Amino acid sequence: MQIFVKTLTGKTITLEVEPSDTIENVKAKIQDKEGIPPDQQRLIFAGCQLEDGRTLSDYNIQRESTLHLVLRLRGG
């Protein structure tokens, strides 16, 4: 299934994901597409920050749901 990530730049990127994929995987898929390191990504769906731990279905992210990307920059 397909989901959408809208970034801080306003850009709307599409990802092929599986409900059993983790937030970590999605972060990783985003790096693979836009270059941002996963440690610097924060994903938001329905008014929560998502945990790298959990999966898309853990949060009820279904076919064509839209996620938000925020950036955290730290000297890591």
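All residue numbers refer to positions in the sequence shown, first residue = 1.
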Of the three thirds of Cα B-factor ranks in this chain, residue 61 occupies the lowest
Taking the values exactly as deposited, rank residue 12 by C-alpha B-factor within its chain and report the matching third: lowest, middle or highest. middle
Tertile call for residue 3 (CA temperature factor, within chain, third-based) is the highest
Hey, what third does residue 35 fall into on Cα B-factor, ranked over its chain? lowest
